[PDB]
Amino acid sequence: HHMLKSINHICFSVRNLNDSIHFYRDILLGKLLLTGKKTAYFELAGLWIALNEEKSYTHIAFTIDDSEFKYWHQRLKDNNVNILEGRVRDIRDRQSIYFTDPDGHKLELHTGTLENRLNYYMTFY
C-alpha cells in the first residue's frame, strides 16, 4: 500500500568506461556484472550501479565499519584517488572520507548511521 519500496539503482555518466571500471570494481571492490558497448553495471555495497559512457549538487555516501576506516583511507591514497576535505576531525576520529570518482562525482565513506547523526544533532520530527 503506497510506498516506494527500495532503491532500484543509481546511474552515472562517465567519460571513460575502462577508467570507471577500474575505480568501481578494483579500487572500491564492487562486482562487475555486465557490460555493453557504452554501458557497465556493478553491484556495490548491495546497490546496483549503472555507468553510461558519454565522451557539487549531489553526493552518494556508503557505510563502512569503524574498524575498516584506516584500510579505506590508505587504499584511496595508495590509488591516487582525489580525496576531498571533510569536517574537522573526520579523519582522526574515523568519521568520513570524501572523494571523487574519475569524472568528479562526489562520493563519501562514512562510519556512522542516520540515528547516530540524529542523536549527535534544529527541529526534530
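Rigid core here is just the name for the largest C-alpha set that superposes within 1.5 Å across the two forms. So that there is no doubt, residue numbering starts at 1 and follows the sequence shown.
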- Query: Hey, after superposing on the core, which one moves around more in 4 other deposited structures of this protein, 109 to 117 or 21 to 29, CA-wise?
  - Reply: 109 to 117
- Task: Answer yes if residue 89 is missing coordinates in at least a third of the other compared entries, and no if every one of them models it.
- Result: yes
- Interval residue 55-residue 56, deposited residues with no coordinates in the entry (none, 1 to 3, 4 to 9, 10 or more): 4 to 9
- Unmodelled stretch from the deposited sequence between residue 121 and residue 122, which bin: none, 1 to 3, 4 to 9, 10 or more? 4 to 9
- Task: Would you tell me which stretch averages the higher CA B-factor in the PDB entry, 34 to 42 or 94 to 102?
- Result: 34 to 42
- 62 to 70 set against 23 to 31, stretch whose average Cα temperature factor tops the other in the entry: 62 to 70
- From the list 76, 50, 84, 47, select the residue with the highest C-alpha B factor recorded in the entry. 47
- Quick one: which of 14, 10, 114, 107 has the biggest Cα B-factor according to the entry? 114
